[PDB]
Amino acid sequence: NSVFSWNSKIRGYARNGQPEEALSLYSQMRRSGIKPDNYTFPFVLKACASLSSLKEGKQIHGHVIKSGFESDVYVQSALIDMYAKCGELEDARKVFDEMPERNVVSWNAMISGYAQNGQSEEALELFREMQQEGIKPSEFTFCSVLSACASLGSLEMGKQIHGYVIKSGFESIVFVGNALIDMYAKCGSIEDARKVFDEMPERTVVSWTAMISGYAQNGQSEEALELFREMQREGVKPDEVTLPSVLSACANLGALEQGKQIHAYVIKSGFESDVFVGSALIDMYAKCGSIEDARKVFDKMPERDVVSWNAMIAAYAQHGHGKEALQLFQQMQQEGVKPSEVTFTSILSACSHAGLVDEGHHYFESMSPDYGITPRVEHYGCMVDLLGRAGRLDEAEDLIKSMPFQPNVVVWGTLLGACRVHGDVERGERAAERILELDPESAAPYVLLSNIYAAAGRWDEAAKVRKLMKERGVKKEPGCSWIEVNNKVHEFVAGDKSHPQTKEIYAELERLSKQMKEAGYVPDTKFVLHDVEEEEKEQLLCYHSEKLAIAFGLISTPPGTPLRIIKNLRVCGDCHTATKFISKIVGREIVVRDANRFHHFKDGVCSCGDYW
């Protein structure tokens, strides 16, 4: 044929997404005796960068040398991109440094090469050199350096780039705007991200995903879910990257139903084999009270990274299956998956909630010797949690002081919560004091100390701690348990008499306590922390938040149906005993969550073995 005919065929396949066809035609063209020129090399090199075929890229680079195209800006810039997309920033920089003449694209190719290979600062440094040479940026430049800002978190740098974008007339480019959304979220300004998102003239799925990820990562899970529904309302179809962030919001909200819907979408749309989708699925099921479904997703997973293992390890940890979490960590090492810091936080949390004191000390002490993992403040908080639940409050406080980190509200709150369980009034005062200096607005140290005093019979003291809370304007979030029945969650506080079906819920509670009394249940009043006679103390135990949520569940669901209840507070001992009696009385498996840990009541016992 001709060089034009060969170039047009190669050009078509290189930009269409058929890099091997472009390279096969390159070989046939060379065998044919047709000499490729500067209109062949950029598209053939583009195909190499697409396939990351470094060996062929150097082969074509050799052809460029022999053909005498070393001074061509198009050929050299394609060489920069090829080496950069092949993970060879050194050779990409050597091409860039030796170009006798470059343009914006050659600068963009090198800057994108740095930013795309975990090299965000050398990208910004080259971008700053670009101003000193008076090179006008393009939409590609601003899109690439905004991705570097997002990775580094420099908001003031990105604020300057956003301004430069507007002054350069690129604010309506969908790529540039998508970068601004991701940058602003990753830099801590979710509001500036929403402003760019709202003012956008055109929004792809990347636009909706970057906004939703920014919300779910920032705690606003109700809003990421609302934008997911609004995205479907506008006819935008989520890809395989949208659902992981969406499922992470379902896990935070206990939206077991919602998360089930996404799983059906995942099956229908062929995303079932994606690691991110699988890791988000096991995390969703676990945080929603279904360790069984979480294990099923982990089993069927065709491929697993360290996050998929860490998610299932944290799944067992949160559900009190400490031993099972430790078997998984061993198969991780046998299957050649190195443990991260997130791995050790999860297995240490598993040992804490399951009482594996010996094993918890082993993995913690062996975390840095036998593994490159160095201790974060989260691993020490796990140890304070482990010792606190084992009753070793002296070792817990001594670890807090000797900690190579500055103590926080979590690590002292762990000790304070443990003092509540074991009745250490003195240590409770000390722990509550250190929390108030760290944060004076947290209502937890007040109610905790008020509960500690009231448990000790120090009513006058407890009244003053409650008095001091009301005068400092400290507001506490109501302890409540909710239960999803027919896609409608149902919130219940202790002694709640505001529910529509209150009289049938309470009559059910009366019928239940009748059977519980015959089964041998005797409520103790030492667990009631109110200075009230015995007649109302047993009545107060009867109407706790989860006891209302159970009573509503078994009057609105068929008999024998498993019930799930999510609370924001730890269950007391007598209510843990009462739910054990209820589990066999009603013939159901009742899954109740504390602040984080899950209980499983079945056939008259709980999976925690009365250790939580």
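The first residue of the shown sequence is 1; numbering continues from there.
Of the two segments examined, 460-468 and 385-393, it is 460-468 that shows the higher average Cα temperature factor in the deposited entry. Checked against the record, the higher mean CA B factor of 408-416 and 471-479 lies with 471-479. Which of 554, 51, 65, 44 has the largest Cα B-factor in the deposited entry comes down to 554.
As recorded in the PDB entry, 439 shows the highest C-alpha B-factor of the residues 439, 192, 283, 72.
Per the deposited record, the Cα B-factor of residue 371 falls in the highest third when ranked against the other modelled residues of its chain.
In the deposited entry, the Cα temperature factor of residue 34 places it in the lowest third of its chain's modelled residues. Residue 132: CA B factor lies in the highest third for its chain, per the PDB record. The entry lists a Cα temperature factor for residue 503 that places it in the highest third of the chain's modelled residues. Looking at the C-alpha B-factors along this chain, the one for residue 60 belongs to the lowest third.
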